[PDB]
Ligand SMILES: Cc1cc(C)nc(SCC(=O)Nc2ncc(Cc3cccc(OCc4cn(Cc5ccccc5)nn4)c3)s2)n1
Ligand SMILES: Cc1cc(C)nc(SCC(=O)Nc2ncc(Cc3cccc(OCc4cn(Cc5ccccc5)nn4)c3)s2)n1
Ligand SMILES: [Zn+2]
Ligand SMILES: [Zn+2]
């Protein structure tokens with residue numbers, strides 16, 4: 001026999017009918033750089049953006065040094081010069097971000113796991129307890145001295161970045177680092193406690209704008225229950241992997257045993273708008289996006 | 001420029017010279033089913049063993065149910081019948097197991113992470129603090145009742161398995177389950193605390209007898225520092241993956257930018273014997289294996 005098939009069809013339409021059923025109570029979103037590209041934030045981890053060409057001016061010992069905590073702590077100037085160069089010109093969350101805001105407000109969002117450091121999930125109205133920032137965030141920064149750990153808001157860090165003043169702690173004069181996770185740093189215990197709890201409870205996994213190549217994200221889709229449907233909204237297929245019954249396995253969109261995974265291929269905004277339309281949420285979403293973007297524009 | 005290359009050559013000979021240098025102080029072993037196949041324990045997660053054919057007699061609702069905690073707790077009889085059928089006829093650790101014992105005794109072993117549930121690492125002389133059992137172990141079993149959690153040794157569980165008596169707790173009559181991790185169960189917090197600490201400290205990763213397909217193992221090789229050499233001893237290449245500078249990346253044995261990863265293709269015993277020989281440990285290892293196997297044979 002076969003385990004229950006919660007999707008009636010392996011399509012967006014099937015996912016939408018499942019989302020409207022009684023069974024679909026707790027949704028986890030896994031989101032990456034693809035949900036912020038339409039907001040004008042390039043994927044720094046992509047080869048196509050050409051960050052290798054970006055780094056030559058700083059004269060690093062090797063190009064990977066920009067991501068490493070040991071190098072940062074001794075020579076922070078390249079990081080902060082790069083951060084100025086890459087600082088987004090505006091912070092308008094995308095349709096995809098506001099789709100997650102609707103999930104929150106409808107009580108469907110168990111958690112949003114994000115690979116992004118841009119804070120747009122928070123600007124869109126997701127709160128701290130809704131979020132697991134898998135690579136940290138620019139939202140807060142801390143003094144790197146263990147005895148101090150003075151916390152600084154993004155407004156403080158922004159001024160330092162734009163004025164090209166290396167941020168130093170006002171209490172102890174140590175370096176102040178954004179709460180993004182450099183190579184050589186550990187994730188908080190919260191990441192793993194959330195992850196172990198959340199993935200026992202998930203009724204639907206929405207994977208949006210991520211190739212699922214980079215850890216810790218690349219481990220997450222296999223933690224869902226075996227019958228929990230998984231929808232990918234992304235430009236290309238991702239997360240596909242010889243194991244018994246495809247267990248300990250990635251996505252199976254296309255084999256003859258495929259029973260729960262769906263790939264919708266295109267831009268995340270377009271995918272989320274199509275999904276919202278199926279759910280009867282298109283007007284709510286478009287109205288939400290309009291008023292929120294307007295509120296941001298009203299403060300310029 | 002390029003980060004330091006701790007291996008002078010991408011060969012076993014290069015790894016051995018590195019192991020003998022001052023820099024190589026802390027070794028992590030990541031081991032899987034391939035280190036116990038020569039001891040007569042097949043890889044149950046492999047398609048080649050044909051566990052699908054093994055399960056038909058038990059009349060499960062679906063074949064994946066044998067691995068799921070919810071099904072076990074309601075219908076434990078298939079699991080225990082299967083466990084009898086798969087119970088190893090002997091427990092002689094392999095040359096590979098005893099290679100890790102040498103690393104322990106020489107003070108080089110930071111940790112052994114194992115995918116195996118067979119207890120052979122413990123029989124070989126690795127202690128609890130040396131080990132992270134990524135899929136748990138048969139070594140201990142527990143009453144499944146949260147209010148009780150009575151612990152039972154393997155000798156107790158073995159008698160129950162062979163006599164075909166479903167193990168019940170002597171205090172409360174709930175089911176007693178081996179400490180192997182079923183689908184729907186969480187890993188201990190120790191796994192993640194060890195993992196975050198260990199992988200900041202690792203000077204050499206020895207990956208032996210694992211395809212690195214199944215989580216949580218599939219996330220571990222990317223947590224090592226970027227300059228830490230990684231040796232694979234396995235029948236075929238594994239852990240190979242478009243990301244900037246191959247970051248957030250699997251093994252790079254074969255590209256033109258390969259700088260730290262080595263694949264030795266063959267049986268784990270043969271690989272470990274060859275590595276030991278390079279290190280001047282062949283006699284020590286062969287003597288260790290002989291006396292330990294003899295000690296086991298002396299108790300038959
Ligand atoms: C509010 C605000 C301010 C600013 C300045 N930007 C942004 S969004 C735009 C952006 O790309 N900005 C960047 N500013 C510095 C960057 C370099 C860097 C250095 C160290 C760790 C780090 O991010 C955390 C990490 C590290 N890794 C590891 C790994 C894996 C695979 C490939 C590359 C890196 N992934 N995520 C990043 S990228 N948002
Ligand atoms: C001391 C002793 C006693 C006995 C009886 N055997 C052994 S070694 C031989 C052997 O294969 N025995 C087995 N006895 C029952 C088995 C079935 C089963 C049921 C549930 C979880 C579990 O192991 C833990 C897990 C679960 N997963 C998940 C996943 C991922 C990918 C493919 C298949 C399973 N990986 N490891 C395993 S396999 N050693
Ligand atoms: Zn301070
Ligand atoms: Zn009990």
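Along the chain as shown, the residues are counted starting at 1.
For this deposited structure, the header notes the method as X-ray crystallography, 2.0 Å.
For all residues, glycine too, the Cβ spot is worked out from N, Cα and C.
Features reported for this protein in Swiss-Prot:
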| type | residues | note |
| --- | --- | --- |
| ACT_SITE | A:135 | active site, proton acceptor |
| BINDING | A:33-37, A:43-45, A:115-118, A:210-211, A:234-236, A:268 | NAD(+) binding site |
| BINDING | A:143, A:148, A:169, A:172 | Zn(2+) binding site |
| MOD_RES | A:48 | phosphoserine |
| MOD_RES | A:155 | phosphoserine |
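Database features, via the PDB entry:
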| type | residues | note |
| --- | --- | --- |
| SEQADV | A:1-3 | expression tag |
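Structure coloured by features recorded in Swiss-Prot.
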residue: A:33; record: NAD(+) binding site; Cβ contacts under 8 Å, 6 or more apart: A:41, A:42, A:43, A:44, A:45, A:46, A:115, A:116, A:209, A:210
residue: A:36; record: NAD(+) binding site; Cβ contacts under 8 Å, 6 or more apart: A:94, A:116, A:118, A:120, A:209
residue: A:48; record: phosphoserine; Cβ contacts under 8 Å, 6 or more apart: none
residue: A:135; record: active site, proton acceptor; Cβ contacts under 8 Å, 6 or more apart: A:115, A:116, A:117, A:180, A:181
residue: A:143; record: Zn(2+) binding site; Cβ contacts under 8 Å, 6 or more apart: A:149, A:150, A:151, A:152, A:169, A:171, A:172, A:174, A:175, A:176
residue: A:155; record: phosphoserine; Cβ contacts under 8 Å, 6 or more apart: none
residue: A:235; record: NAD(+) binding site; Cβ contacts under 8 Å, 6 or more apart: A:34, A:265, A:266, A:267
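Same-chain residues lying 6 or more positions outside the expression tag (A:1-3) and placing a CB less than 8 Å from one of its CB atoms are 226-227, 259. Cβ-based neighbour count (10 Å, all protein chains) for residue A:116 (NAD(+) binding site) stands at 23. The Cα of residue A:241 and the Cα of residue A:242, which border 4 unmodelled residues, are 9 Å apart.
Taking the centre of the Cβ atoms of A:143, A:148, A:169, A:172 as the Zn(2+) site, the nearby residues of that chain (Cβ within 8 Å, site residues left out) are A:144, A:145, A:147, A:149, A:150, A:170, A:171, A:173, A:174, A:176.
Remark: secondary structure over the expression tag (A:1-3) totals 0 helix, 0 strand, 3 coil, with classes taken from DSSP. In the three-state DSSP classification, residue A:33 (NAD(+) binding site) falls within a helix.
Residue with the densest Cβ environment among the binding-site residues A:148, A:169, A:172: A:169, by other Cβ atoms within 10 Å. All chains included, 29 other C-beta atoms sit within 10 angstroms of the C-beta of residue A:210 (NAD(+) binding site).
Checking the binding-site residues A:33, A:172, A:210 against ligand 3, the ones with a C-beta less than 6 Å from an atom of that molecule are A:172. Among the recorded positions A:36, A:44, A:135, A:143, A:148, A:172, the ones whose Cβ sits under 6 Å from an atom of ligand 1 are, in sequence order, A:44, A:135.
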